[PDB]
């Protein structure tokens, strides 16, 4: 017989190791590894040792490694042994490591993690977690120091019109952290409460408490959560109920998507929103969007903006001057609050009387303002937000192809439309993928999470390491799948109850039941009424992005869709996904039911819920309807 038996190496250091023992991969890669003699083994007795100040990091790492390795790993202070992982903050190593870099020394004193900041240590611990969670507990000795090439590395997450659940957001933040991604542009509505803004408290919105909680999580992971309220275009979710602030065309037709930048009250309204957001985000940036103001039309149709431009910025001024003037006035406004403005590149155009302020970060997504190379010449600060790194649920033109970009030598200097700039441009901040809902019934948020995996690893690698150590994309892919998700994602209880037959009293106004629950590949349920044989759907009501956003919309019974199929089945998407339900457990015990696409919660309507939508239509009192969680958490 073969005699095959586990090696079972003693814990700690060994001067003996095979010369080509695998070094488990990480993402980002840690390039320029120097090999040492021997190897180190996590095993019984291994501890995470640190100073008091690093105690929380050490405790979280010990707990996490205990779970991945099945070895009891505890945190400690004091002296470290060769059996141990040590965490060290050495702020004198800024030159070598910068603000986010780290050094690993693996050898006879154990596995040392050194960073120059708390986040550097944390980012080193992500590599330790990666290297140890792939079924190999012995690591080759040696040393490496790594630090990111670019300062801003991450994603646009448009949690916009539709709601991206806070649970999704928490998972996303965990994934970003694992990948050393430090930037998320979160276009989103914070629920407006003031007398002057509260009519825009339509769903999607996030509560102050909710935002505070995910910003605190983000910040502990080294992530800058930058809010965006897009202006002066794409303003439908803000202006629908404020027609007094909407821009009219020459014929008097208003667009709920356009702010009237000639109306000072409209401008004040936008600034009021800024001030509401200032209380809950911690970032030093404000992103005002500024994309697609005139989509589907032109400035020729808005003579009033030319008139305004001339009054405001002098004879000869054009609507493009008025537009840029509005951006510079918002720049002034946020600077006075201690923030730096960011915009999308596309409305930056041909001005006469006004020039765009150079202290505004330009996030470049569209070959449309200047070429990037033109903007470089003028000294603008640039982030690469190419459409090559977009996903959309509906627009199939936008699906990131990581294999292609990896193989074709894309780098962070490769601006939209294959427009290359010096990737060492000293005002090139980094790069990001972008995750856009657009027509939103085609894919659940859970399907988006499955789809974005590869691309998130791609961008992580190219913004930190700017290298291609895997010979092809396919070699990368094999290692990223081995590395897998971070612990929080593996722990998330997608489907907390077993498929089976249930009594659900909340649903009595639809049917006496019982209900047959089955699970879906994307972590939802379909609920079949055993009386009618039909399935529960959230199908009807006023929509944004083709998803029901109406507060107080009622579910209904419909012929049962096939919820077992994938997102490639685009023809049946809406009936399918309107039949998916997310079930969550309380802290502690009780279950809530949420339409998967909408992320509101089913509740029995009391008639005392307060929301602008309900001022004009309420579900009949005592019937089951969807509501944002804040209206039914009493």
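Throughout, rigid core stands for the largest set of C-alpha atoms superposing within 1.5 Å between the two forms. Numbering follows the first chain given and starts at 1.
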item	value
Core-fitted comparison in 5 other deposited structures of this protein, 440-448 vs 362-370, farther C-alphas	362-370
Positional deviation of Cα atoms in 5 other deposited structures of this protein after core superposition, greater for 327-335 or 344-352	344-352
Stretch with the greater mean C-alpha B-factor as recorded in the entry, comparing 261-269 against 452-460	261-269
Residue range whose averaged C-alpha B-factor is higher in the record, 599-607 or 38-46	38-46
Among 146, 440, 434, 77 - the residue whose C-alpha B-factor is largest in the record	77
Highest-ranked of 82, 227, 256, 486 once sorted by CA temperature factor in the record	82
Lowest, middle or highest third - CA B-factor, residue 339	highest
Third assignment of residue 562 from its chain's C-alpha B-factors	lowest
Where the record places residue 588 (Cα B-factor, split into thirds across the chain)	highest
Record-listed C-alpha B factor of residue 472: chain third	highest
Chain thirds of CA B-factor: placement of residue 580	lowest
